[PDB]
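Next up, data.txt (compact mmCIF, N, CA and C atoms):
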```txt
# COMPACT_ATOMS: atom_id res chain seq x y z
N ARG X 73 0.83 -1.20 0.00
CA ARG X 73 0.00 0.00 0.00
C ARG X 73 0.87 1.25 0.00
N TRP X 74 1.79 1.34 0.95
CA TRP X 74 2.66 2.51 1.03
C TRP X 74 3.41 2.73 -0.28
N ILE X 75 4.22 1.74 -0.67
CA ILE X 75 5.00 1.83 -1.91
C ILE X 75 4.11 2.26 -3.06
N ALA X 76 3.11 1.44 -3.38
CA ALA X 76 2.27 1.69 -4.54
C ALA X 76 1.71 3.10 -4.53
N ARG X 77 1.09 3.51 -3.43
CA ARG X 77 0.35 4.77 -3.48
C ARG X 77 1.30 5.96 -3.54
N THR X 78 2.42 5.92 -2.82
CA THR X 78 3.25 7.11 -2.84
C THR X 78 4.17 7.18 -4.06
N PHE X 79 4.81 6.06 -4.43
CA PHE X 79 5.89 6.11 -5.41
C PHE X 79 5.48 5.80 -6.85
N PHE X 80 4.29 5.29 -7.10
CA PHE X 80 3.97 4.81 -8.44
C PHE X 80 2.72 5.49 -8.96
N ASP X 81 2.32 5.07 -10.16
CA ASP X 81 1.14 5.58 -10.82
C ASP X 81 0.33 4.39 -11.32
N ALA X 82 -0.99 4.52 -11.28
CA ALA X 82 -1.86 3.41 -11.61
C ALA X 82 -1.61 2.93 -13.04
N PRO X 83 -1.92 1.67 -13.34
CA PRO X 83 -1.92 1.23 -14.74
C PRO X 83 -2.86 2.06 -15.59
N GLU X 84 -3.81 2.71 -14.91
CA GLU X 84 -4.66 3.72 -15.51
C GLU X 84 -3.83 4.79 -16.20
N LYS X 85 -3.12 5.56 -15.37
CA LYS X 85 -2.37 6.72 -15.83
C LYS X 85 -1.40 6.34 -16.95
N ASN X 86 -0.54 5.36 -16.69
CA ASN X 86 0.39 4.89 -17.72
C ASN X 86 -0.34 4.45 -18.97
N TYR X 87 -1.28 3.53 -18.82
CA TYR X 87 -2.06 2.99 -19.92
C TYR X 87 -2.61 4.06 -20.84
N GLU X 88 -3.52 4.88 -20.33
CA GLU X 88 -4.11 5.92 -21.17
C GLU X 88 -3.06 6.90 -21.68
N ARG X 89 -2.01 7.15 -20.90
CA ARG X 89 -0.90 7.94 -21.41
C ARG X 89 -0.39 7.36 -22.72
N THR X 90 -0.13 6.05 -22.73
CA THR X 90 0.30 5.41 -23.96
C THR X 90 -0.76 5.56 -25.04
N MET X 91 -2.04 5.56 -24.65
CA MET X 91 -3.06 5.81 -25.65
C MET X 91 -2.85 7.17 -26.31
N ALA X 92 -2.49 8.18 -25.50
CA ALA X 92 -2.31 9.53 -26.03
C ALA X 92 -1.07 9.61 -26.92
N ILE X 93 0.07 9.11 -26.44
CA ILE X 93 1.26 9.13 -27.29
C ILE X 93 1.00 8.43 -28.61
N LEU X 94 0.24 7.33 -28.58
CA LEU X 94 -0.05 6.65 -29.84
C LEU X 94 -0.96 7.50 -30.72
N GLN X 95 -1.90 8.24 -30.13
CA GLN X 95 -2.59 9.26 -30.90
C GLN X 95 -1.59 10.15 -31.61
N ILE X 96 -0.83 10.91 -30.84
CA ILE X 96 0.12 11.89 -31.37
C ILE X 96 0.96 11.31 -32.49
N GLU X 97 1.86 10.40 -32.14
CA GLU X 97 2.80 9.96 -33.15
C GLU X 97 2.10 9.21 -34.26
N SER X 98 0.94 8.63 -33.98
CA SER X 98 0.15 8.05 -35.06
C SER X 98 -0.14 9.10 -36.12
N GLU X 99 -0.93 10.11 -35.75
CA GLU X 99 -1.34 11.08 -36.76
C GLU X 99 -0.13 11.76 -37.37
N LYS X 100 0.95 11.95 -36.61
CA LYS X 100 2.16 12.44 -37.25
C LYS X 100 2.56 11.55 -38.42
N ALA X 101 2.86 10.28 -38.16
CA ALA X 101 3.30 9.41 -39.24
C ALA X 101 2.37 9.52 -40.44
N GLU X 102 1.06 9.44 -40.20
CA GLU X 102 0.12 9.57 -41.31
C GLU X 102 0.40 10.83 -42.10
N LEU X 103 0.43 11.97 -41.42
CA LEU X 103 0.57 13.22 -42.14
C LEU X 103 1.95 13.37 -42.79
N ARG X 104 2.96 12.66 -42.30
CA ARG X 104 4.24 12.63 -43.00
C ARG X 104 4.08 11.96 -44.35
N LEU X 105 3.46 10.78 -44.38
CA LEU X 105 3.20 10.15 -45.67
C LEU X 105 2.38 11.07 -46.56
N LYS X 106 1.47 11.85 -45.97
CA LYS X 106 0.74 12.83 -46.76
C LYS X 106 1.70 13.82 -47.43
N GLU X 107 2.57 14.46 -46.65
CA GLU X 107 3.40 15.50 -47.26
C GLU X 107 4.35 14.91 -48.29
N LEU X 108 4.86 13.71 -48.07
CA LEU X 108 5.66 13.08 -49.12
C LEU X 108 4.83 12.89 -50.38
N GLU X 109 3.56 12.52 -50.23
CA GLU X 109 2.69 12.40 -51.39
C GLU X 109 2.55 13.74 -52.11
N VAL X 110 2.26 14.80 -51.34
CA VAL X 110 2.07 16.15 -51.87
C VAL X 110 3.29 16.58 -52.66
N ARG X 111 4.41 16.76 -51.96
CA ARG X 111 5.62 17.25 -52.60
C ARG X 111 6.05 16.34 -53.74
N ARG X 112 5.76 15.04 -53.64
CA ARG X 112 5.96 14.16 -54.78
C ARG X 112 5.14 14.61 -55.98
N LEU X 113 3.90 15.03 -55.74
CA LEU X 113 3.00 15.38 -56.83
C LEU X 113 3.26 16.77 -57.38
N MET X 114 3.79 17.67 -56.55
CA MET X 114 3.85 19.08 -56.93
C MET X 114 4.79 19.31 -58.11
N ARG X 115 5.94 18.63 -58.15
CA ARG X 115 6.83 18.82 -59.28
C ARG X 115 6.16 18.43 -60.59
N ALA X 116 5.27 17.45 -60.57
CA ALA X 116 4.55 17.11 -61.78
C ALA X 116 3.47 18.14 -62.11
N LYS X 117 2.60 18.44 -61.16
CA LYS X 117 1.48 19.33 -61.47
C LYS X 117 1.89 20.79 -61.45
N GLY X 118 2.75 21.18 -60.52
CA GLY X 118 3.07 22.59 -60.36
C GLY X 118 1.91 23.46 -59.96
N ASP X 119 0.77 22.88 -59.59
CA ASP X 119 -0.41 23.63 -59.23
C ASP X 119 -0.17 24.56 -58.04
N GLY X 120 0.04 23.98 -56.87
CA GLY X 120 -0.13 24.69 -55.62
C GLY X 120 1.02 25.57 -55.18
N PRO X 121 1.03 25.88 -53.89
CA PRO X 121 1.92 26.94 -53.38
C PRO X 121 3.39 26.59 -53.32
N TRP X 122 3.77 25.33 -53.12
CA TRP X 122 5.16 25.04 -52.75
C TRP X 122 6.14 25.37 -53.87
N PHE X 123 5.95 24.81 -55.05
CA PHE X 123 6.93 24.95 -56.12
C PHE X 123 6.47 26.04 -57.07
N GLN X 124 7.15 27.18 -57.02
CA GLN X 124 6.90 28.30 -57.91
C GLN X 124 8.24 28.89 -58.30
N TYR X 125 8.51 28.96 -59.59
CA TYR X 125 9.74 29.59 -60.08
C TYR X 125 9.35 30.81 -60.89
N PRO X 126 9.59 32.02 -60.39
CA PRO X 126 8.94 33.20 -60.98
C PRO X 126 9.34 33.42 -62.43
N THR X 127 8.34 33.60 -63.28
CA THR X 127 8.57 34.04 -64.64
C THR X 127 8.83 35.54 -64.65
N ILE X 128 8.96 36.10 -65.84
CA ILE X 128 9.17 37.53 -65.95
C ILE X 128 7.85 38.25 -65.75
N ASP X 129 7.90 39.38 -65.05
CA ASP X 129 6.69 40.04 -64.60
C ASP X 129 6.07 40.86 -65.72
N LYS X 130 4.77 40.64 -65.94
CA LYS X 130 3.99 41.41 -66.91
C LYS X 130 3.79 42.85 -66.48
N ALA X 131 4.14 43.20 -65.24
CA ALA X 131 3.91 44.55 -64.75
C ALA X 131 4.41 45.60 -65.73
N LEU X 132 5.64 45.46 -66.19
CA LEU X 132 6.18 46.34 -67.22
C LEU X 132 6.13 45.56 -68.52
N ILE X 133 5.13 45.85 -69.35
CA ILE X 133 5.21 45.50 -70.77
C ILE X 133 5.25 46.72 -71.67
N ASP X 134 5.06 47.92 -71.13
CA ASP X 134 4.90 49.14 -71.91
C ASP X 134 3.78 48.99 -72.95
N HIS X 135 2.54 48.99 -72.46
CA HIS X 135 1.40 48.93 -73.37
C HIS X 135 1.25 50.15 -74.25
N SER X 136 2.05 51.19 -74.05
CA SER X 136 1.78 52.50 -74.63
C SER X 136 1.68 52.43 -76.15
N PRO X 137 0.91 53.32 -76.76
CA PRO X 137 0.94 53.46 -78.22
C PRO X 137 2.35 53.81 -78.68
N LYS X 138 2.82 53.10 -79.70
CA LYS X 138 4.21 53.15 -80.10
C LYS X 138 4.33 53.67 -81.53
N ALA X 139 5.56 53.65 -82.04
CA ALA X 139 5.77 53.97 -83.44
C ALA X 139 4.84 53.12 -84.29
N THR X 140 4.08 53.79 -85.16
CA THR X 140 2.90 53.16 -85.73
C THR X 140 3.13 51.90 -86.56
N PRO X 141 4.24 51.72 -87.32
CA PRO X 141 4.19 50.79 -88.46
C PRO X 141 3.51 49.47 -88.18
N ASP X 142 3.76 48.87 -87.02
CA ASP X 142 3.30 47.54 -86.65
C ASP X 142 3.70 47.27 -85.21
N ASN X 143 3.05 46.27 -84.62
CA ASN X 143 3.43 45.71 -83.33
C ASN X 143 3.59 46.77 -82.24
N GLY N 115 -5.75 80.63 -101.24
CA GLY N 115 -5.82 80.51 -99.80
C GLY N 115 -4.72 79.65 -99.21
N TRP N 116 -5.07 78.78 -98.27
CA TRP N 116 -4.12 77.94 -97.55
C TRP N 116 -3.15 78.73 -96.68
N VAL N 117 -3.64 79.30 -95.58
CA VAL N 117 -2.73 79.81 -94.56
C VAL N 117 -1.75 78.71 -94.17
N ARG N 118 -0.49 79.07 -94.01
CA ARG N 118 0.54 78.10 -93.67
C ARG N 118 0.50 77.78 -92.18
N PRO N 119 0.49 76.50 -91.80
CA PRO N 119 0.36 76.16 -90.37
C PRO N 119 1.59 76.45 -89.54
N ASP N 120 2.78 76.45 -90.16
CA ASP N 120 4.10 76.57 -89.55
C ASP N 120 4.29 75.59 -88.39
N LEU N 121 4.96 76.03 -87.33
CA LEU N 121 5.40 75.15 -86.26
C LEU N 121 4.26 74.49 -85.49
N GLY N 122 3.02 74.88 -85.74
CA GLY N 122 1.90 74.24 -85.09
C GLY N 122 1.15 73.26 -85.97
N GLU N 123 1.80 72.78 -87.04
CA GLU N 123 1.10 71.93 -87.99
C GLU N 123 0.76 70.58 -87.40
N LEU N 124 1.57 70.09 -86.47
CA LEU N 124 1.49 68.71 -86.04
C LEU N 124 1.85 68.60 -84.58
N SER N 125 2.14 67.38 -84.17
CA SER N 125 2.07 66.93 -82.78
C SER N 125 0.61 67.17 -82.39
N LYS N 126 0.34 67.63 -81.17
CA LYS N 126 -1.04 67.88 -80.76
C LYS N 126 -1.91 66.71 -81.20
N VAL N 127 -1.74 65.56 -80.55
CA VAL N 127 -2.21 64.30 -81.10
C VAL N 127 -3.67 64.41 -81.50
N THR N 128 -3.95 64.09 -82.76
CA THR N 128 -5.22 64.44 -83.37
C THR N 128 -6.32 63.47 -82.95
N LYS N 129 -7.54 63.98 -82.82
CA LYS N 129 -8.71 63.15 -82.56
C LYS N 129 -9.50 62.95 -83.84
N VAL N 130 -9.87 61.71 -84.13
CA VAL N 130 -10.56 61.36 -85.36
C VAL N 130 -11.64 60.32 -85.08
N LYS N 131 -12.72 60.39 -85.84
CA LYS N 131 -13.82 59.43 -85.81
C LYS N 131 -13.70 58.44 -86.95
N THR N 132 -14.09 57.19 -86.68
CA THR N 132 -14.20 56.17 -87.71
C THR N 132 -15.44 55.33 -87.49
N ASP N 133 -16.13 55.00 -88.58
CA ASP N 133 -17.34 54.20 -88.48
C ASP N 133 -17.03 52.74 -88.19
N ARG N 134 -15.91 52.23 -88.68
CA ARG N 134 -15.56 50.84 -88.44
C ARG N 134 -15.41 50.59 -86.94
N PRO N 135 -15.94 49.50 -86.42
CA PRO N 135 -15.76 49.21 -85.00
C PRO N 135 -14.33 48.80 -84.72
N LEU N 136 -13.84 49.20 -83.55
CA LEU N 136 -12.46 48.90 -83.20
C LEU N 136 -12.25 47.40 -83.18
N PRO N 137 -11.08 46.92 -83.59
CA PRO N 137 -10.79 45.48 -83.49
C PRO N 137 -10.60 45.07 -82.04
N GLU N 138 -11.21 43.95 -81.67
CA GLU N 138 -11.08 43.38 -80.35
C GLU N 138 -10.24 42.12 -80.44
N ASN N 139 -9.54 41.81 -79.35
CA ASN N 139 -8.62 40.69 -79.30
C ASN N 139 -7.64 40.84 -80.45
N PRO N 140 -6.87 41.93 -80.48
CA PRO N 140 -6.06 42.22 -81.66
C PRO N 140 -4.98 41.18 -81.83
N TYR N 141 -4.58 40.99 -83.08
CA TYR N 141 -3.64 39.95 -83.51
C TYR N 141 -4.06 38.63 -82.85
N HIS N 142 -3.14 37.85 -82.29
CA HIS N 142 -3.43 36.46 -81.97
C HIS N 142 -4.46 36.36 -80.85
N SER N 143 -4.16 36.95 -79.69
CA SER N 143 -5.09 37.07 -78.58
C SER N 143 -5.66 35.71 -78.18
N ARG N 144 -4.79 34.91 -77.57
CA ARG N 144 -5.11 33.53 -77.24
C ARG N 144 -5.88 33.44 -75.93
N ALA N 145 -6.05 32.21 -75.44
CA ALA N 145 -6.69 31.92 -74.17
C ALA N 145 -5.76 32.25 -73.00
N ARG N 146 -6.36 32.35 -71.82
CA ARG N 146 -5.74 32.73 -70.56
C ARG N 146 -5.08 31.54 -69.87
N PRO N 147 -4.12 31.81 -68.97
CA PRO N 147 -3.34 30.72 -68.36
C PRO N 147 -4.11 29.83 -67.39
N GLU N 148 -5.33 30.20 -66.96
CA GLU N 148 -6.00 29.50 -65.86
C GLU N 148 -5.15 29.61 -64.60
N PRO N 149 -5.12 30.79 -63.98
CA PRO N 149 -4.18 31.04 -62.88
C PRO N 149 -4.42 30.16 -61.67
N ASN N 150 -3.41 30.10 -60.81
CA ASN N 150 -3.39 29.19 -59.68
C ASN N 150 -4.12 29.79 -58.48
N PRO N 151 -4.77 28.96 -57.67
CA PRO N 151 -5.51 29.48 -56.51
C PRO N 151 -4.56 30.05 -55.47
N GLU N 152 -4.89 31.25 -54.99
CA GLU N 152 -4.09 31.91 -53.98
C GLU N 152 -4.46 31.38 -52.60
N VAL N 153 -3.50 31.45 -51.68
CA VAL N 153 -3.67 30.95 -50.32
C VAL N 153 -4.63 31.84 -49.55
N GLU N 154 -5.55 31.22 -48.82
CA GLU N 154 -6.63 31.94 -48.15
C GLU N 154 -6.86 31.35 -46.77
N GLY N 155 -7.66 32.05 -45.98
CA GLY N 155 -8.16 31.51 -44.72
C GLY N 155 -7.21 31.72 -43.57
N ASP N 156 -7.79 31.83 -42.37
CA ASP N 156 -6.99 31.92 -41.16
C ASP N 156 -6.25 30.61 -40.93
N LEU N 157 -4.97 30.71 -40.61
CA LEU N 157 -4.16 29.54 -40.31
C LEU N 157 -3.64 29.62 -38.88
N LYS N 158 -3.71 28.49 -38.19
CA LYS N 158 -3.41 28.35 -36.78
C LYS N 158 -2.01 27.73 -36.65
N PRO N 159 -1.46 27.55 -35.44
CA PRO N 159 -0.13 26.94 -35.35
C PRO N 159 -0.13 25.55 -35.96
N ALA N 160 1.06 25.09 -36.33
CA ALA N 160 1.15 23.81 -36.99
C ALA N 160 0.85 22.71 -35.98
N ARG N 161 0.81 21.47 -36.45
CA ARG N 161 0.33 20.37 -35.63
C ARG N 161 1.52 19.57 -35.12
N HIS N 162 1.75 19.65 -33.81
CA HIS N 162 2.76 18.88 -33.08
C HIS N 162 4.18 19.29 -33.42
N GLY N 163 4.38 20.29 -34.27
CA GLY N 163 5.71 20.83 -34.46
C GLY N 163 6.47 20.28 -35.64
N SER N 164 7.80 20.26 -35.53
CA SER N 164 8.65 20.00 -36.68
C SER N 164 8.35 18.69 -37.38
N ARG N 165 7.67 17.75 -36.72
CA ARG N 165 7.26 16.50 -37.33
C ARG N 165 8.45 15.62 -37.65
N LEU N 166 9.66 16.06 -37.32
CA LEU N 166 10.89 15.44 -37.78
C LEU N 166 11.06 14.09 -37.09
N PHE N 167 12.21 13.45 -37.31
CA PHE N 167 12.48 12.12 -36.78
C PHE N 167 12.18 12.05 -35.29
N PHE N 168 12.26 13.19 -34.62
CA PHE N 168 11.77 13.40 -33.26
C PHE N 168 11.53 14.91 -33.14
N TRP N 169 11.67 15.46 -31.93
CA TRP N 169 11.46 16.89 -31.72
C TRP N 169 9.99 17.29 -31.81
N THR N 170 9.22 16.97 -30.78
CA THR N 170 7.85 17.46 -30.70
C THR N 170 7.86 18.81 -30.00
N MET N 171 7.49 19.86 -30.73
CA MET N 171 7.31 21.19 -30.15
C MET N 171 8.57 21.68 -29.45
```

Step by step, read the file and then write its structure as structure tokens.
Amino acid sequence: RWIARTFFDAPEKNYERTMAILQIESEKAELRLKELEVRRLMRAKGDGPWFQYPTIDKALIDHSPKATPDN
Amino acid sequence: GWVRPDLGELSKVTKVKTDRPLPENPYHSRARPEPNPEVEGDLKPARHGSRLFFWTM
């Protein structure tokens, strides 16, 4: 009684604690495989935010009316 | 007649009317790039931290 109650923790506390750690690192591992999937896909699709290599900016094209002959 | 215009003959960019409707989509005028969706929405702290081989928070 003395030993157990003062120095230790119930199989309750430890047990459910392990339940929580398995929650945490579980969902981590899952989401790691997710990000490997994502970044794997991004170089092919180039859709989303991660991989962007800036082209030349359209901001300056000089739309102004120019020397008439053409273009 | 014909008064001579001299130094005021030109520049002064002229305004003119034409019956023909202005050309739209001049020269090639292709389709648009279908731009990429911009990042939106409130974002909260990340989940459990660096996610690395270890190092939680």

**Item:** chain N contacts on chain X, only C-alpha atoms, 12 Å, as a ChimeraX atom specification
**Value:** /X:93,95-105,107,117-124,137,142-143

Those selected residues, please, written with N, CA and C atoms and delivered as an mmCIF file, in the frame of the given file.
```
data_model
loop_
_atom_site.group_PDB
_atom_site.id
_atom_site.type_symbol
_atom_site.label_atom_id
_atom_site.label_comp_id
_atom_site.auth_asym_id
_atom_site.auth_seq_id
_atom_site.Cartn_x
_atom_site.Cartn_y
_atom_site.Cartn_z
ATOM 1 N N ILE X 93 0.070 9.110 -26.440
ATOM 2 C CA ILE X 93 1.260 9.130 -27.290
ATOM 3 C C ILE X 93 1.000 8.430 -28.610
ATOM 4 N N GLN X 95 -1.900 8.240 -30.130
ATOM 5 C CA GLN X 95 -2.590 9.260 -30.900
ATOM 6 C C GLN X 95 -1.590 10.150 -31.610
ATOM 7 N N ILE X 96 -0.830 10.910 -30.840
ATOM 8 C CA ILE X 96 0.120 11.890 -31.370
ATOM 9 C C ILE X 96 0.960 11.310 -32.490
ATOM 10 N N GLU X 97 1.860 10.400 -32.140
ATOM 11 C CA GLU X 97 2.800 9.960 -33.150
ATOM 12 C C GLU X 97 2.100 9.210 -34.260
ATOM 13 N N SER X 98 0.940 8.630 -33.980
ATOM 14 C CA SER X 98 0.150 8.050 -35.060
ATOM 15 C C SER X 98 -0.140 9.100 -36.120
ATOM 16 N N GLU X 99 -0.930 10.110 -35.750
ATOM 17 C CA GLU X 99 -1.340 11.080 -36.760
ATOM 18 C C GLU X 99 -0.130 11.760 -37.370
ATOM 19 N N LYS X 100 0.950 11.950 -36.610
ATOM 20 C CA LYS X 100 2.160 12.440 -37.250
ATOM 21 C C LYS X 100 2.560 11.550 -38.420
ATOM 22 N N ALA X 101 2.860 10.280 -38.160
ATOM 23 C CA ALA X 101 3.300 9.410 -39.240
ATOM 24 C C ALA X 101 2.370 9.520 -40.440
ATOM 25 N N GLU X 102 1.060 9.440 -40.200
ATOM 26 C CA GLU X 102 0.120 9.570 -41.310
ATOM 27 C C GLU X 102 0.400 10.830 -42.100
ATOM 28 N N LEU X 103 0.430 11.970 -41.420
ATOM 29 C CA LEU X 103 0.570 13.220 -42.140
ATOM 30 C C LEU X 103 1.950 13.370 -42.790
ATOM 31 N N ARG X 104 2.960 12.660 -42.300
ATOM 32 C CA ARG X 104 4.240 12.630 -43.000
ATOM 33 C C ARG X 104 4.080 11.960 -44.350
ATOM 34 N N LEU X 105 3.460 10.780 -44.380
ATOM 35 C CA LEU X 105 3.200 10.150 -45.670
ATOM 36 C C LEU X 105 2.380 11.070 -46.560
ATOM 37 N N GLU X 107 2.570 14.460 -46.650
ATOM 38 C CA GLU X 107 3.400 15.500 -47.260
ATOM 39 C C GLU X 107 4.350 14.910 -48.290
ATOM 40 N N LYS X 117 2.600 18.440 -61.160
ATOM 41 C CA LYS X 117 1.480 19.330 -61.470
ATOM 42 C C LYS X 117 1.890 20.790 -61.450
ATOM 43 N N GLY X 118 2.750 21.180 -60.520
ATOM 44 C CA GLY X 118 3.070 22.590 -60.360
ATOM 45 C C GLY X 118 1.910 23.460 -59.960
ATOM 46 N N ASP X 119 0.770 22.880 -59.590
ATOM 47 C CA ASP X 119 -0.410 23.630 -59.230
ATOM 48 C C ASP X 119 -0.170 24.560 -58.040
ATOM 49 N N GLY X 120 0.040 23.980 -56.870
ATOM 50 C CA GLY X 120 -0.130 24.690 -55.620
ATOM 51 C C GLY X 120 1.020 25.570 -55.180
ATOM 52 N N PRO X 121 1.030 25.880 -53.890
ATOM 53 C CA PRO X 121 1.920 26.940 -53.380
ATOM 54 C C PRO X 121 3.390 26.590 -53.320
ATOM 55 N N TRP X 122 3.770 25.330 -53.120
ATOM 56 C CA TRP X 122 5.160 25.040 -52.750
ATOM 57 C C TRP X 122 6.140 25.370 -53.870
ATOM 58 N N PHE X 123 5.950 24.810 -55.050
ATOM 59 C CA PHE X 123 6.930 24.950 -56.120
ATOM 60 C C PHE X 123 6.470 26.040 -57.070
ATOM 61 N N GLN X 124 7.150 27.180 -57.020
ATOM 62 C CA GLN X 124 6.900 28.300 -57.910
ATOM 63 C C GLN X 124 8.240 28.890 -58.300
ATOM 64 N N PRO X 137 0.910 53.320 -76.760
ATOM 65 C CA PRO X 137 0.940 53.460 -78.220
ATOM 66 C C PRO X 137 2.350 53.810 -78.680
ATOM 67 N N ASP X 142 3.760 48.870 -87.020
ATOM 68 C CA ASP X 142 3.300 47.540 -86.650
ATOM 69 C C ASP X 142 3.700 47.270 -85.210
ATOM 70 N N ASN X 143 3.050 46.270 -84.620
ATOM 71 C CA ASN X 143 3.430 45.710 -83.330
ATOM 72 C C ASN X 143 3.590 46.770 -82.240
#
```

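Interatomic distance, CA of residue 91 in chain X against CA of residue 75 in chain X: 25.4 Å.
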
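Note that atom N of residue 128 in chain X and atom C of residue 138 in chain N are 24.9 Å apart.
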
**Item:** Distance of atom C of residue 140 in chain N from atom C of residue 141 in chain X, expressed in Å to one decimal place
**Value:** 13.5 Å

**Request:** From a DSSP pass on the backbone, collect the residues of chain X flagged as helix (DSSP H, G or I) and hand them back as an NGL selection string.
**Result:** :X and (74-79 or 83-117)
